[PDB]
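Throughout, a chain's letter reflects where its sequence line sits, starting with A, and its residues are numbered from 1. What you see below is based on every heavy atom in this structure, not just the backbone, and it leaves out hydrogens, waters and symmetry mates.
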Amino acid sequence: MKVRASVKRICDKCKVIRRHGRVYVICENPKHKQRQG
Amino acid sequence: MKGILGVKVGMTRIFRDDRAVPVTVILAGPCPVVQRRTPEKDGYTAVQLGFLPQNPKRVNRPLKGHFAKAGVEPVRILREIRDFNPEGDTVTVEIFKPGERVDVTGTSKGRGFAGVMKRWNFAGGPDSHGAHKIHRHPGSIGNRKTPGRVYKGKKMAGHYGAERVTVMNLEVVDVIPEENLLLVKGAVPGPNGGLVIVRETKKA
Amino acid sequence: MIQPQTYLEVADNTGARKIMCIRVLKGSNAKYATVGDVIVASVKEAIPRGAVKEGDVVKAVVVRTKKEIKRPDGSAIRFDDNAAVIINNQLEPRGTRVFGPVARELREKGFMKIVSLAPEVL
Amino acid sequence: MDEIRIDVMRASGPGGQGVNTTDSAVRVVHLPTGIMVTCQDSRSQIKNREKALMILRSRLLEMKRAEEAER
Amino acid sequence: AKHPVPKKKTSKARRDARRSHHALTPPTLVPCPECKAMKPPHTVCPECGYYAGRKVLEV
Amino acid sequence: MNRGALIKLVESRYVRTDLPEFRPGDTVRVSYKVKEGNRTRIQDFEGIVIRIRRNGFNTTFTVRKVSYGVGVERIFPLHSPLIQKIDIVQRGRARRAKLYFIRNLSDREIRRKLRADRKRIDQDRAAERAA
Amino acid sequence: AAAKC
Amino acid sequence: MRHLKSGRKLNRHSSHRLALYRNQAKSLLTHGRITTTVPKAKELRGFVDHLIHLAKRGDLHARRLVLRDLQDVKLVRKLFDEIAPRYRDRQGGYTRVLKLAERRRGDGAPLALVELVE
RNA sequence: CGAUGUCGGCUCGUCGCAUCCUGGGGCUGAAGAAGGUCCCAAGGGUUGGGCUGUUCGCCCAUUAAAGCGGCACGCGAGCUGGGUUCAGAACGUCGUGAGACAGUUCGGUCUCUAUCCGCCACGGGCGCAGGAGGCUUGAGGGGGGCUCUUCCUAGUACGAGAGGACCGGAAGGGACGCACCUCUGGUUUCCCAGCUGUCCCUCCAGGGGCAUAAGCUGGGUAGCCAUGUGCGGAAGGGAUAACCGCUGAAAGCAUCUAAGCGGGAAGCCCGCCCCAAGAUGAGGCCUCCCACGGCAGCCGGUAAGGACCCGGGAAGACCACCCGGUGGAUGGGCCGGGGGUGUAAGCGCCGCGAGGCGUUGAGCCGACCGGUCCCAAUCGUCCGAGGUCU
Ligand SMILES: [Mg+2]
Ligand SMILES: [Mg+2]
Ligand SMILES: [Mg+2]
Ligand SMILES: [Mg+2]
Ligand SMILES: [Mg+2]
Ligand SMILES: [Mg+2]
Ligand SMILES: [Mg+2]
Ligand SMILES: [Mg+2]
Ligand SMILES: [Mg+2]
Ligand SMILES: [Mg+2]
Ligand SMILES: [Mg+2]
Ligand SMILES: [Mg+2]
Ligand SMILES: [Mg+2]
Ligand SMILES: [Mg+2]
Ligand SMILES: [Mg+2]
Ligand SMILES: [Mg+2]
Ligand SMILES: [Mg+2]
Ligand SMILES: [Mg+2]
Ligand SMILES: [Mg+2]
Ligand SMILES: [Mg+2]
Ligand SMILES: [Mg+2]
Ligand SMILES: [Mg+2]
Ligand SMILES: [Mg+2]
Ligand SMILES: [Mg+2]
Ligand SMILES: [Mg+2]
Ligand SMILES: [Mg+2]
Ligand SMILES: [Mg+2]
Ligand SMILES: [Mg+2]
Ligand SMILES: [Mg+2]
Ligand SMILES: [Mg+2]
Ligand SMILES: [Mg+2]
Ligand SMILES: [Mg+2]
Ligand SMILES: [Mg+2]
Ligand SMILES: [Mg+2]
Ligand SMILES: [Mg+2]
Ligand SMILES: [Mg+2]
Ligand SMILES: [Mg+2]
Ligand SMILES: [Mg+2]
Ligand SMILES: [Mg+2]
Ligand SMILES: [Mg+2]
Ligand SMILES: [Mg+2]
Ligand SMILES: [Mg+2]
Ligand SMILES: [Mg+2]
Ligand SMILES: [Mg+2]
Ligand SMILES: [Mg+2]
Ligand SMILES: [Mg+2]
Ligand SMILES: [Mg+2]
Ligand SMILES: [Mg+2]
Ligand SMILES: [Mg+2]
Ligand SMILES: [Mg+2]
Ligand SMILES: [Mg+2]
Ligand SMILES: [Mg+2]
Ligand SMILES: [Mg+2]
Ligand SMILES: [Mg+2]
Ligand SMILES: [Mg+2]
Ligand SMILES: [Mg+2]
Ligand SMILES: [Mg+2]
Ligand SMILES: [Mg+2]
Ligand SMILES: [Mg+2]
Ligand SMILES: [Mg+2]
Ligand SMILES: [Mg+2]
Ligand SMILES: [Mg+2]
Ligand SMILES: [Mg+2]
Ligand SMILES: [Mg+2]
Ligand SMILES: [Mg+2]
Ligand SMILES: [Mg+2]
Ligand SMILES: [Mg+2]
Ligand SMILES: [Mg+2]
Ligand SMILES: [Mg+2]
Ligand SMILES: [Mg+2]
Ligand SMILES: [Mg+2]
Ligand SMILES: [Mg+2]
Ligand SMILES: [Mg+2]
Ligand SMILES: [Mg+2]
Ligand SMILES: [Mg+2]
Ligand SMILES: [Mg+2]
Ligand SMILES: [Mg+2]
Ligand SMILES: [Mg+2]
Ligand SMILES: [Mg+2]
Ligand SMILES: [Mg+2]
Ligand SMILES: [Mg+2]
Ligand SMILES: [Mg+2]
Ligand SMILES: [Mg+2]
Ligand SMILES: [Mg+2]
Ligand SMILES: [Mg+2]
Ligand SMILES: [Mg+2]
Ligand SMILES: [Mg+2]
Ligand SMILES: [Mg+2]
Ligand SMILES: [Mg+2]
Ligand SMILES: [Mg+2]
Ligand SMILES: [Mg+2]
Ligand SMILES: [Mg+2]
Ligand SMILES: [Mg+2]
Ligand SMILES: [Mg+2]
Ligand SMILES: [Mg+2]
Ligand SMILES: [Mg+2]
Ligand SMILES: [Mg+2]
Ligand SMILES: [Mg+2]
Ligand SMILES: [Mg+2]
Ligand SMILES: [Mg+2]
Ligand SMILES: [Mg+2]
Ligand SMILES: [Mg+2]
Ligand SMILES: [Mg+2]
Ligand SMILES: [Mg+2]
Ligand SMILES: [Mg+2]
Ligand SMILES: [Mg+2]
Ligand SMILES: [Mg+2]
Ligand SMILES: [Mg+2]
Ligand SMILES: [Mg+2]
Ligand SMILES: [Mg+2]
Ligand SMILES: [Mg+2]
Ligand SMILES: [Mg+2]
Ligand SMILES: [Mg+2]
Ligand SMILES: [Mg+2]
Ligand SMILES: [Mg+2]
Ligand SMILES: [Mg+2]
Ligand SMILES: [Mg+2]
Ligand SMILES: [Mg+2]
Ligand SMILES: [Mg+2]
Ligand SMILES: [Mg+2]
Ligand SMILES: [Mg+2]
Ligand SMILES: [Mg+2]
Ligand SMILES: [Mg+2]
Ligand SMILES: [Mg+2]
Ligand SMILES: [Mg+2]
Ligand SMILES: [Mg+2]
Ligand SMILES: [Mg+2]
Ligand SMILES: [Mg+2]
Ligand SMILES: [Mg+2]
Ligand SMILES: [Mg+2]
Ligand SMILES: [Mg+2]
Ligand SMILES: [Mg+2]
Ligand SMILES: [Mg+2]
Ligand SMILES: [Mg+2]
Ligand SMILES: [Mg+2]
Ligand SMILES: [Mg+2]
Ligand SMILES: [Mg+2]
Ligand SMILES: [Mg+2]
Ligand SMILES: [Mg+2]
Ligand SMILES: [Mg+2]
Ligand SMILES: [Mg+2]
Ligand SMILES: [Mg+2]
Ligand SMILES: [Mg+2]
Ligand SMILES: [Mg+2]
Ligand SMILES: [Mg+2]
Ligand SMILES: [Mg+2]
Ligand SMILES: [Mg+2]
Ligand SMILES: [Mg+2]
Ligand SMILES: [Mg+2]
Ligand SMILES: [Mg+2]
Ligand SMILES: [Mg+2]
Ligand SMILES: [Mg+2]
Ligand SMILES: [Mg+2]
Ligand SMILES: [Mg+2]
Ligand SMILES: [Mg+2]
Ligand SMILES: [Mg+2]
Ligand SMILES: [Mg+2]
Ligand SMILES: [Mg+2]
Ligand SMILES: [Mg+2]
Ligand SMILES: [Mg+2]
Ligand SMILES: [Mg+2]
Ligand SMILES: [Mg+2]
Ligand SMILES: [Mg+2]
Ligand SMILES: [Mg+2]
Ligand SMILES: [Mg+2]
Ligand SMILES: [Mg+2]
Ligand SMILES: [Mg+2]
Ligand SMILES: [Mg+2]
Ligand SMILES: [Mg+2]
Ligand SMILES: [Mg+2]
Ligand SMILES: [Mg+2]
Ligand SMILES: [Mg+2]
Ligand SMILES: [Mg+2]
Ligand SMILES: [Mg+2]
Ligand SMILES: [Mg+2]
Ligand SMILES: [Mg+2]
Ligand SMILES: [Mg+2]
Ligand SMILES: [Mg+2]
Ligand SMILES: [Mg+2]
Ligand SMILES: [Mg+2]
Ligand SMILES: [Mg+2]
Ligand SMILES: [Mg+2]
Ligand SMILES: [Mg+2]
Ligand SMILES: [Mg+2]
Ligand SMILES: [Mg+2]
Ligand SMILES: [Mg+2]
Ligand SMILES: [Mg+2]
Ligand SMILES: [Mg+2]
Ligand SMILES: [Mg+2]
Ligand SMILES: [Mg+2]
Ligand SMILES: [Mg+2]
Ligand SMILES: [Mg+2]
Ligand SMILES: [Mg+2]
Ligand SMILES: [Mg+2]
Ligand SMILES: [Mg+2]
Ligand SMILES: [Mg+2]
Ligand SMILES: [Zn+2]
Ligand SMILES: [Zn+2]
């Protein structure tokens, strides 16, 4: 899980979701998982 | 949850499977059920035990009436065992079998006014190298202007011991029922002749 | 009760005569070693042309203590010296002979070759 | 400067209340080689940091200029 | 030490509140059965010399 | 109650009376049941009784012997079940209840200070003449 | 008594 | 702590307290009754009773034992010939402490008499 | 600036979390093992040494780890005083000089008494609408909270091999904490013995004083103790963090989420141990006494009870607490046992003698376990309800 202030899509299969008040990027590539923080 | 009142007899050690077993001997039996606390009447469950018969010439009228409602001879000590409802009207050492684990509560030995070293295992001060009249002193007790005070609960000199202490999970080495003797492995709070309480362990 | 600074005689033929304990190899911060414990030690006195020499930092197991060891049977045993046998990192002795009696506690603690070589186990 | 560690601390010797409470002394450590240079030549940490880094560089230079010579 | 010292004069109210414990208690006295004189219990009567029903000392 | 009697009553099941009387200064052989890995064997520990501290059933005694060039002191409970038997090997005559001072004595020095206790040696020889 | 020098 | 310690100190070192009990013993065996402070009187009972009981035994050994404290052969002679016979059938309790009513003026000390029992 | 004592150490902590370790995770260029990196997590833990006044740093040997910071760079009415920071002296250096120096060197007075707050202990008072003796609930506090190694699973899964698991299960430690004194080991101010010099008793013998506030020496009960012994950290229930899901739209797909549901930390709540109804919100139960006499008040005499006084106590500074007070085993004595010391004196025998042998495990003998009214806790005195209103 990448934890950073700038979360973006990294590849075309990335998905930006907002769950539980936080921005996440989820993806079939597990490297691309991001949490904003 | 079973329990009984008793007196610390003294220590010795026995041999069992070619091992010295330090034991404390307790005289626990017998304890007559004097009152049972019930949820209906008292809001909780407990058995008020008696222990040691007392010279009825020394038992005032409020207490005599209390024993009378139980049909029980006057007794020196009344203690409740909490959450215990024995079947009979008497509790004896038989409630314990060798191999069980018990909790023992007693009144520790009283150190009186105790120094910071005896009471709290403080290091004290040096004994040479110029140490000036502080060899057993506690050192600093605070900071400076912030917070400008001393915490509650600060470890200081004061009275030590003669307080309720419970030592836990002691092995019942033997039960000699004809003498109302319980043998427990290890050490038990307080002096010989002290009152103790023997409950089933809460350790699992 | 062996601790840093403590001197021990050497009950083997490695050539070391006196080692000085510098560590009790027993967890984070053991205060003392007794029989069967291992120490790290400096070699303070040795006979010429031995296995180990003065100044070496070595490992050894304690085999005798002047502080009496107590036993589950209720007995105890006490020696006139503090003595140790120099070992390697596999716990085996580095000399071929063990001088003097050793505590039977060593058997219980896997120092069998030492127990083997000692002329008396007590 | 990423392979360099700079320690600051109180200096030794005279100064009164100043030298007691001031982090004027500096050590610079070349982390790969381990060689250090210290400086409390002045009263100022910044001047001692500057002078210490100079001497450290000059010394690592002579070390580099000397292995080059031995080759 | 550094010679601690009262920071303020103690008020008349405070010093007298300190002394709220200083009143003497009167001495415990029982009548001597022999001569009826008041004297401390468990002491030989200093008036008639009696204790425990008999004479113990001259007076 | 009588707390002393209760403790003596607890202890009485573990008390022995088969062992011979001895005194500090006597040479004694304790045959001691010792477990070794798996089995148990009897190991003889023979030496001078340098101390008997008494406390009823809790009496213990200390025996000293020079073993392969090293002094060894073993401390024995007098009522331990691990003791097979104690044989009196010799009666020595001492002047004090505790013989700590023999740790710093030479061989002849102990020989001189703890001499054969003829009286109790004759008492031992007169007994065993009860056939 | 030491000094604030 | 002083737990289960027997024996009063009376703010005297070991030899002063020993000499104190000896001298109070001499005065008591001499006059039969002496006044002293309450704590001293209580401690004196056992010191003197022991010397009287040994006198009741009467052997030479006891006499020399009593002599170590009393030092006075006349007083010991009075102890064995006059004092001790009075107590042949008495099993201890040879001394009596009763407390006085009025304190010492100059220091407030509570006083008591110590006497040999009849 | 009519003074806010300045470094380091010591002592005692306490807090933060940007986490050194231990617990939980995601990613990995994660095969396993071991690491990297980031996230959650402050409950606990965070060693001993060499050098230097050192802080700092380096080094040695270990460790799960050897965290970083705040608290007047925490803490000198708590200690230290090596450094700094006066007066002496000296070196280098500067100055004609007197002298001078974040240059060096050796030396150099750190103040018995705590009033108020605060803190640790402990009482006194009143209150808790009758007066009392017990026994209690637990609001609310506090304590505690660490971790390692080996073994089995299994030399298995994984790996070419070297190496080597998860999960689960046993065993053994280190440090710390509480209590304890059976054992081990201390102390043991007079419990025993031995020894010198001197003076004395009483000449011998036997003893006493003094040589320390034990003359010295060898021992040493109880107690108080650690180095010794027992036991503790949990288990378990609940709710969570990061993180992982189930079902699922908005948004035909997808989505841990917007409705709802799971799983999930040494942390959080409970659980454990201790305090605790001044919890003035002053609680509950069992028992006892009871409508007394005189103009929600007063005045006495009483009740059940209590206090005073006394004998004491592994309780204790005083106070308090606890037991006992002649219907008594509470202290003291006496007796028996334990325990210590280690064979008393006197006598007889052997020796020229110093001595030795026997009587003899004798004599002495604190406190420990008991017995016994021999001595003392005599005799008493004073308090102390009559119960507001709806
Ligand atoms: Mg970017
Ligand atoms: Mg997706
Ligand atoms: Mg108790
Ligand atoms: Mg209790
Ligand atoms: Mg107590
Ligand atoms: Mg204790
Ligand atoms: Mg102290
Ligand atoms: Mg301590
Ligand atoms: Mg303590
Ligand atoms: Mg210390
Ligand atoms: Mg110390
Ligand atoms: Mg000192
Ligand atoms: Mg000083
Ligand atoms: Mg001071
Ligand atoms: Mg001093
Ligand atoms: Mg202090
Ligand atoms: Mg201040
Ligand atoms: Mg300060
Ligand atoms: Mg403040
Ligand atoms: Mg108390
Ligand atoms: Mg406790
Ligand atoms: Mg267990
Ligand atoms: Mg059994
Ligand atoms: Mg019985
Ligand atoms: Mg050797
Ligand atoms: Mg050798
Ligand atoms: Mg050398
Ligand atoms: Mg060399
Ligand atoms: Mg070897
Ligand atoms: Mg940096
Ligand atoms: Mg500085
Ligand atoms: Mg310096
Ligand atoms: Mg200057
Ligand atoms: Mg100077
Ligand atoms: Mg500054
Ligand atoms: Mg001071
Ligand atoms: Mg001061
Ligand atoms: Mg001072
Ligand atoms: Mg002052
Ligand atoms: Mg003022
Ligand atoms: Mg004032
Ligand atoms: Mg004023
Ligand atoms: Mg006024
Ligand atoms: Mg005034
Ligand atoms: Mg006041
Ligand atoms: Mg006034
Ligand atoms: Mg006052
Ligand atoms: Mg008054
Ligand atoms: Mg006992
Ligand atoms: Mg020999
Ligand atoms: Mg001889
Ligand atoms: Mg003989
Ligand atoms: Mg004390
Ligand atoms: Mg006390
Ligand atoms: Mg003291
Ligand atoms: Mg006593
Ligand atoms: Mg005395
Ligand atoms: Mg005094
Ligand atoms: Mg005095
Ligand atoms: Mg005085
Ligand atoms: Mg005086
Ligand atoms: Mg003296
Ligand atoms: Mg006289
Ligand atoms: Mg007269
Ligand atoms: Mg007088
Ligand atoms: Mg006097
Ligand atoms: Mg006596
Ligand atoms: Mg005669
Ligand atoms: Mg009286
Ligand atoms: Mg006067
Ligand atoms: Mg006066
Ligand atoms: Mg009086
Ligand atoms: Mg100023
Ligand atoms: Mg002023
Ligand atoms: Mg001012
Ligand atoms: Mg001022
Ligand atoms: Mg801190
Ligand atoms: Mg964080
Ligand atoms: Mg972690
Ligand atoms: Mg982890
Ligand atoms: Mg892995
Ligand atoms: Mg790999
Ligand atoms: Mg990771
Ligand atoms: Mg992350
Ligand atoms: Mg933490
Ligand atoms: Mg370190
Ligand atoms: Mg050195
Ligand atoms: Mg150092
Ligand atoms: Mg340093
Ligand atoms: Mg430095
Ligand atoms: Mg490491
Ligand atoms: Mg690790
Ligand atoms: Mg500071
Ligand atoms: Mg600091
Ligand atoms: Mg400070
Ligand atoms: Mg100071
Ligand atoms: Mg300071
Ligand atoms: Mg201050
Ligand atoms: Mg100050
Ligand atoms: Mg202060
Ligand atoms: Mg101040
Ligand atoms: Mg200085
Ligand atoms: Mg100085
Ligand atoms: Mg000046
Ligand atoms: Mg010059
Ligand atoms: Mg000029
Ligand atoms: Mg010039
Ligand atoms: Mg010049
Ligand atoms: Mg200059
Ligand atoms: Mg200068
Ligand atoms: Mg400078
Ligand atoms: Mg200098
Ligand atoms: Mg110089
Ligand atoms: Mg200087
Ligand atoms: Mg000097
Ligand atoms: Mg002073
Ligand atoms: Mg005050
Ligand atoms: Mg104030
Ligand atoms: Mg206050
Ligand atoms: Mg109160
Ligand atoms: Mg009510
Ligand atoms: Mg009421
Ligand atoms: Mg009550
Ligand atoms: Mg009561
Ligand atoms: Mg409760
Ligand atoms: Mg609570
Ligand atoms: Mg409150
Ligand atoms: Mg809590
Ligand atoms: Mg924990
Ligand atoms: Mg395997
Ligand atoms: Mg498998
Ligand atoms: Mg392998
Ligand atoms: Mg496992
Ligand atoms: Mg802790
Ligand atoms: Mg403790
Ligand atoms: Mg204890
Ligand atoms: Mg004992
Ligand atoms: Mg002991
Ligand atoms: Mg011992
Ligand atoms: Mg004596
Ligand atoms: Mg003499
Ligand atoms: Mg003579
Ligand atoms: Mg004289
Ligand atoms: Mg003198
Ligand atoms: Mg001297
Ligand atoms: Mg003497
Ligand atoms: Mg001694
Ligand atoms: Mg000793
Ligand atoms: Mg003792
Ligand atoms: Mg002892
Ligand atoms: Mg003891
Ligand atoms: Mg203790
Ligand atoms: Mg310990
Ligand atoms: Mg443990
Ligand atoms: Mg745990
Ligand atoms: Mg859950
Ligand atoms: Mg769908
Ligand atoms: Mg889905
Ligand atoms: Mg939802
Ligand atoms: Mg959930
Ligand atoms: Mg799941
Ligand atoms: Mg409670
Ligand atoms: Mg209440
Ligand atoms: Mg309560
Ligand atoms: Mg109110
Ligand atoms: Mg109300
Ligand atoms: Mg409230
Ligand atoms: Mg109310
Ligand atoms: Mg109430
Ligand atoms: Mg309730
Ligand atoms: Mg009361
Ligand atoms: Mg008292
Ligand atoms: Mg009191
Ligand atoms: Mg008073
Ligand atoms: Mg008192
Ligand atoms: Mg009073
Ligand atoms: Mg009473
Ligand atoms: Mg009465
Ligand atoms: Mg009695
Ligand atoms: Mg008695
Ligand atoms: Mg007494
Ligand atoms: Mg005996
Ligand atoms: Mg004996
Ligand atoms: Mg003889
Ligand atoms: Mg004789
Ligand atoms: Mg003779
Ligand atoms: Mg003779
Ligand atoms: Mg002759
Ligand atoms: Mg002889
Ligand atoms: Mg004896
Ligand atoms: Mg005597
Ligand atoms: Mg006697
Ligand atoms: Mg006796
Ligand atoms: Mg005992
Ligand atoms: Mg009777
Ligand atoms: Mg009366
Ligand atoms: Zn992607
Ligand atoms: Zn009268």
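For the pair E/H21 and I/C318, the criterion of a side-chain N or O lying under 4.0 Å from OP1 or OP2 is not met. Taking side-chain N and O atoms only, B/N192 has no distance below 4.0 Å to OP1 or OP2 of I/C369. When the side-chain nitrogen and oxygen atoms of A/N29 are compared with OP1 and OP2 of I/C27, none of them lie within a distance under 4.0 Å. Not one side-chain nitrogen or oxygen of C/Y32 sits closer than 4.0 Å to the OP1 or OP2 atom of I/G48. Residue H/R2 has a polar side-chain atom (N or O) positioned under 4.0 Å from OP1 or OP2 of I/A314. A close approach under 4.0 Å does not occur between any side-chain nitrogen or oxygen of E/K2 and OP1 or OP2 of I/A114. For I/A314, the OP1/OP2 oxygens have no side-chain nitrogen or oxygen of B/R111 closer than 4.0 Å. For I/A175, neither phosphate oxygen OP1 nor OP2 lies less than 4.0 angstrom from any side-chain nitrogen or oxygen of C/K31.
Heavy atoms of B/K41 sit under 4.0 angstrom from primed sugar atoms or phosphate atoms, though from no base atom.
Because its NZ or CZ atom is both nearer than 6.0 Å to the ring centre of A/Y24 and within 45° of the ring axis, A/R19 counts as a cation-pi partner of that residue.
Put simply, the side chain of B/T24 and the base of I/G230 share no donor and acceptor less than 3.5 Å apart. Counting atom types as modelled, F/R23 pairs a side-chain N or O with a base atom of I/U343 as donor and acceptor under 3.5 Å. Side-chain atoms of C/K70 and base atoms of I/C183 include a donor and an acceptor less than 3.5 Å apart. With hydrogens and angles ignored, a donor-acceptor pair closer than 3.5 Å exists between the side chain of H/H61 and the base of I/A344. Contact of H/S15 with I/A213 (side chain to base): no donor-acceptor pair of N or O atoms is detected under 3.5 Å. The base of I/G83 sits within donor-acceptor range of the side chain of D/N20, with an N or O pair under 3.5 Å. Residue side chain B/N169 does not reach the base of I/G232 through any donor-acceptor N/O pair under 3.5 Å, judged by distance alone. Between the side chain of D/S24 and the base of I/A102, at least one donor-acceptor pair of N or O atoms lies under 3.5 Å.
Within a 6.0 Å radius of CD in H/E118, more than 12 heavy atoms belonging to other residues, nucleotides or ligands are found.
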Produce a footprint string for nucleotides 134-150 of chain I: one letter per nucleotide, 5' end first; B if the base is under 4.0 Å from any protein heavy atom, S if only the sugar-phosphate is, - if neither. BBSSS------------

Reading nucleotides 251-264 of chain I from the 5' end, what letters show protein touch, with B for base, S for backbone sugar-phosphate only, - for no heavy atom under 4.0 Å? ---BSBSS------

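In this view, H/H53 and H/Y94 satisfy the side-chain hydrogen bond (donor to acceptor under 3.5 Å, both in side chains) rule, not counting sequence neighbours. Residues meeting the side-chain contact (heavy atoms from CB on, under 4.5 Å) test with H/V38, sequence neighbours left out: H/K42, H/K99, H/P110, H/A112. Scored by the salt bridge (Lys or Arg N to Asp or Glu O under 4.0 Å) test, A/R35 finds no partners at all (sequence neighbours excluded).
Under a 3.5 Å cut-off, the side chain of B/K64 and the backbone N or O of B/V59 do form a donor-acceptor pair. Proximity of a side-chain donor or acceptor of A/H32 to a complementary backbone N or O of A/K13 within less than 3.5 Å is not detected.
Under the Watson-Crick or G-U wobble criterion, with both distances below 3.5 Å, I/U109 has no partner in any strand shown. Across all strands shown, I/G215 is found opposite I/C195 as a Watson-Crick or G-U wobble partner, with both distances under 3.5 Å. The base-pairing partner of I/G155, taking Watson-Crick or G-U wobble contacts with both distances under 3.5 Å, does not exist among the strands shown. Nucleotide I/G232 has I/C176 as its partner under the Watson-Crick or G-U criteria, with both atom distances under 3.5 Å. When both pairing distances are held under 3.5 Å, I/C347 makes a Watson-Crick or G-U pair with I/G358. Summarising the base pairing, I/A277 is matched to no nucleotide, lacking a Watson-Crick or G-U wobble pair whose two defining distances lie under 3.5 Å. Across all strands shown, I/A61 forms a Watson-Crick or G-U wobble pair, both distances under 3.5 Å, with I/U47. Nucleotide I/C224 forms a pair with I/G186, judged by Watson-Crick or G-U wobble geometry with both contacts under 3.5 Å.
Ion pairing between C/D37 and C/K109 holds under the 4.0 Å rule for side-chain N and carboxylate O.
For the pairing with B/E80, the side-chain hydrogen bond (donor to acceptor under 3.5 Å, both in side chains) check across B/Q35, B/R37, B/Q48 returns one residue only, B/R37.
No side-chain donor-acceptor contact under 3.5 Å links D/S24 and D/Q40.
In I/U189 the base sits syn relative to the sugar, since the glycosidic angle is no further than 90° from 0. The glycosidic torsion of I/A214 lies within 90° of 0, which places this base in the syn conformation. Base orientation of I/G81: syn, the glycosidic angle falling within 90° of 0.
No canonical Watson-Crick or G-U wobble pair links I/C352 to I/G57 with each of its two hydrogen-bond distances shorter than 3.5 Å. Taken as a pair, I/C298 and I/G294 qualify: Watson-Crick (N1-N3 plus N6-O4 or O6-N4) or G-U wobble (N1-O2 and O6-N3), both under 3.5 Å. I/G161 and I/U150 make neither a Watson-Crick nor a G-U wobble pair with both donor-acceptor distances under 3.5 Å.
Counting only residues at least two apart or in different chains, salt bridge (charged side-chain N to carboxylate O under 4.0 Å, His left out) contacts with residues 101-121 of chain B comprise B/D103-B/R199.
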